[PDB]
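FYI, side chains are in, hydrogens and waters are out, and symmetry mates aren't considered; it's all heavy atoms of this structure. In what follows, every chain begins at residue 1, and chains take the letters A, B, ... in the order their sequences are listed.
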Amino acid sequence: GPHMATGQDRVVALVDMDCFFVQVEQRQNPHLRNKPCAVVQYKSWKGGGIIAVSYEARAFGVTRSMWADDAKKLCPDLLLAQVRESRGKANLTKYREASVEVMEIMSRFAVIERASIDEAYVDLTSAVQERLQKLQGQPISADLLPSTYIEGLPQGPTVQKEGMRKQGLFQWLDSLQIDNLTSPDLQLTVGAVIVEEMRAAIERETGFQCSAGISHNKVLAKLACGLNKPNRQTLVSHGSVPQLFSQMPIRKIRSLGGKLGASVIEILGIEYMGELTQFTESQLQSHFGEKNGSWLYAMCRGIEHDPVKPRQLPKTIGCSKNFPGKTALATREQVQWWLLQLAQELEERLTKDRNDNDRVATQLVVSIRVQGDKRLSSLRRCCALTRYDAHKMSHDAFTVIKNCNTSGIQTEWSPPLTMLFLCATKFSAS
DNA sequence: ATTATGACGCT
DNA sequence: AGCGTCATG
Ligand SMILES: [Mn+2]
Ligand SMILES: [Mn+2]
Ligand SMILES: [Mn+2]
């Protein structure tokens, strides 16, 4: 009806860098460009663990969370780049700095929400209004959308990928009412024009290619971004949602790839997101809780209200290291030495953060895992963070965790520690 | 031994 | 405050 709100108020984009860590290494080392390549952490155990994979390597079945030795079985010519190691641990500074490069360019076009090291949501609503009032009813040319897919098109009454892309785009642009400055489809289209410009600026000024999704909210923008990777962007209109969701596994929607999504599937006896529409809001709230139920009721209709938060910088700065198998920490000197290594990296990153961003952290969170505990964190404890001093930070973390040592001998540490994590939180403008 | 993080919800 | 969940470069 004329009041059933349709969640079409906003234009939201999700920009995701393609195989980011790989692109950072390929920019630095041209020998790795346009090759099957992957980025690995460490080397000794099974060749190191892969954390990023070029699309050429993905064609061979290489994935993240794969040991490099196994990846080399699938792709013997796979090229590898190793993450920096400093103070005995992986150091991701190069990739954080590259991320800042990209986030600063995105911020020129609109306010962004840093969702991860390599992805940000963009609220384009205002930028779209301004570009519309600049165009003054002039139609949008396909030339303004050279890497855009329109999800769901072409449809109705060439065998090449780009030919299909252009056919769908032409169907979309023909149907456009470029006279209605309040038409949601037109607003999304102008949003996509802007995202083409943003992605062009990112590639020109960093060398990095990215994909993007443009829709009316964050969940649809994220889903859209994944439909045509790499180096492409996808527009998911409100109208495309019924068909898109009719065959979309529930786990593909952000927030539903874990336990909650499995419970939606099992409790309701469904497989696809579109099947959620048959339940009342009260029914969904009865199985999944007030918040999740309302969210699911709206999401399966393409509607979600989560705002793009104005936040370009991480809320937390943390340092973590696992000590698996034999490498678990069994002496107090071991535990203190590694706490100091982590605290030294933390101090360096925190000092750079305070210089760059005019803020200081005030809470230190210390997390540990003990051997035999299946939970990723066995214990989390906070203390005050009043000085950027690695020695103080590490002594405080030790003070806060030392009561976990069940060993009657203070020299020994039982049960051995399989993970240490230091996290600076609660920033204040400084 | 699937590693180093980061965000957020729950109570 | 501490724990759990979800994401995944
Ligand atoms: Mn990415
Ligand atoms: Mn990403
Ligand atoms: Mn990924």
**Student:** Could you tell me the separation between the CD atom of A:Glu113 and the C1' atom of C:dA7, rounded to a whole number of Å?
**Tutor:**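 Between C1' of C:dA7 and CD of A:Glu113: 13 Å.
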**Student:** Rounded to the nearest Å, what distance is computed from the CG atom of residue A:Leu256 to the P atom of nucleotide C:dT8?
**Tutor:**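 For the pair A:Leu256 CG and C:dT8 P, the rounded distance is 12 Å.
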**Student:** Would you mind telling me which residue lines up with the more 5' stretch of DNA chain B, A:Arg349 or A:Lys291, judged by nearest nucleotide?
**Tutor:**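 Mapping each residue to its closest nucleotide by heavy atoms, the 5'-most match is A:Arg349.
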**Student:** A:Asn292 or A:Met66: which one's nearest nucleotide on DNA chain B is closer to the 5' end?
**Tutor:**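 It is A:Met66, whose closest nucleotide lies nearer the 5' terminus.
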**Student:** Within the structure shown, what part of the strands sits under 4.0 Å from A:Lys222 by heavy-atom distance: base, sugar-phosphate, or nothing?
**Tutor:**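 Sugar-phosphate contact only - A:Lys222 comes under 4.0 Å of backbone atoms but never of a base.
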**Student:** Does the gap between the ring centers of A:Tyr297 and A:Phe279 come in under 6.0 Å?
**Tutor:**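 No, they do not, as the ring centres are separated by 6.0 Å or more.
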**Student:** Looking only at non-hydrogen atoms, find the nearest pair between A:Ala90 and A:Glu345 and report the distance.
**Tutor:**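 So the two residues come closest at O-OE1, 3.9 Å.
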**Student:** Mind checking the P distance from B:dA1 to C:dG9? Whole angstroms is fine.
**Tutor:**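 To the nearest whole Å, 24 Å.
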**Student:** Is the number of heavy atoms from other residues, nucleotides or ligands within 6.0 Å of CZ (A:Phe60) greater than 12?
**Tutor:**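 Check fails, neighbour count at 12 or below.
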**Student:** Is the count of non-hydrogen atoms from other residues, nucleotides or ligands lying under 6.0 Å from A:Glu130 atom CD greater than 12?
**Tutor:**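 For A:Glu130, atom CD is crowded (more than 12 foreign heavy atoms under 6.0 Å).
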**Student:** Would you say A:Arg84 and A:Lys94 make side-chain contact, with heavy atoms under 4.5 Å?
**Tutor:**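 They are not in side-chain contact.
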**Student:** More than 12 non-hydrogen atoms from neighbouring residues, nucleotides or ligands closer than 6.0 Å to NE2 on A:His287, yes or no?
**Tutor:**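 Yes.
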**Student:** Any side-chain hydrogen bond (donor to acceptor under 3.5 Å, both in side chains) involving residues 208-217 of chain A? Give me the pairs, sequence neighbours left out, ordered by first then second residue.
**Tutor:**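 Qualifying pairs: A:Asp18-A:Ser211, A:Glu203-A:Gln209.
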**Student:** Near DNA chain C, counting only heavy atoms under 4.0 Å, which residues of residues 413-430 of chain A show up?
**Tutor:**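 Those residues: none at all.
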**Student:** Heavy atoms under 4.0 Å, any strand shown: does A:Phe20 hit a base, just sugar-phosphate, or nothing?
**Tutor:**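 Since only primed, P, OP1 and OP2 atoms lie under 4.0 Å of A:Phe20, the category is sugar-phosphate.
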**Student:** Do the non-hydrogen side-chain atoms of A:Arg114 and A:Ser99 ever get within less than 4.5 Å of each other?
**Tutor:**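 They are in contact (side-chain heavy atoms under 4.5 Å apart), so the answer is yes.
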**Student:** Tell me which residues in residues 369-382 of chain A lie within less than 4.0 Å of DNA chain C, going by non-hydrogen atoms.
**Tutor:**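 When residues 369-382 of chain A is checked for heavy atoms under 4.0 Å from DNA chain C, the hits, listed by number, are A:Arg375, A:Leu379, A:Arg380, A:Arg381, A:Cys382.
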**Student:** Measuring from A:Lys315:NZ to A:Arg359:CZ, what's the distance to the nearest 0.5 Å?
**Tutor:**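 One gets 10.0 Å once the value is rounded to the nearest 0.5 Å.
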**Student:** Would you sort out whether A:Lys72 and A:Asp69 count as a salt bridge (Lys or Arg N to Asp or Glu O under 4.0 Å), showing the intermediate values?
**Tutor:** CA-CA 5 Å; A:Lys72 275 287 204 178; A:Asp69 286 347; over 6 Å; no
**Student:** Among residues 26-59 of chain A, which ones have heavy-atom contacts with DNA chain C below 4.0 Å?
**Tutor:**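 Heavy-atom contacts with DNA chain C come from A:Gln41, A:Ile51, A:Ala52.
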**Student:** Need one value for A:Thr316: base, sugar-phosphate or nothing, where a base atom within 4.0 Å counts as base even if backbone is also close, heavy atoms only.
**Tutor:**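 Sugar-phosphate, no base atom in range.
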**Student:** Hey, where on DNA chain B does chain A first and last touch, going 5' to 3'? Cut-off is any atom under 4.0 Å from a heavy atom.
**Tutor:**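 Range of nucleotides touched by chain A: B:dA1 to B:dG9.
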**Student:** Contact between A:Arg332 and A:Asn405 at the side-chain level, heavy atoms closer than 4.5 Å - yes or no?
**Tutor:**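 Side chain of A:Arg332 against side chain of A:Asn405, heavy atoms only: no contact under 4.5 Å found.
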**Student:** Enumerate the residue pairs fulfilling side-chain hydrogen bond (donor to acceptor under 3.5 Å, both in side chains) with a member in residues 256-273 of chain A, sequence neighbours excluded, ordered by first and then second residue.
**Tutor:**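 Residue pairs with at least one partner in residues 256-273 of chain A: there are none.
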**Student:** Please give, in whole Å, the distance from C:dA7 P to A:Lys218 NZ?
**Tutor:**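 Checked: the NZ to P distance equals 14 Å.
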**Student:** On a heavy-atom basis, which atom in A:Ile250 and which in A:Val264 lie closest, and how many Å separate them?
**Tutor:**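 Smallest heavy-atom distance, with atoms named: CD1-CG1, 3.9 Å.
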**Student:** Quick one: are A:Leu417 and A:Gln334 in side-chain contact, heavy atoms under 4.5 Å?
**Tutor:**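 Side-chain contact under 4.5 Å: no.
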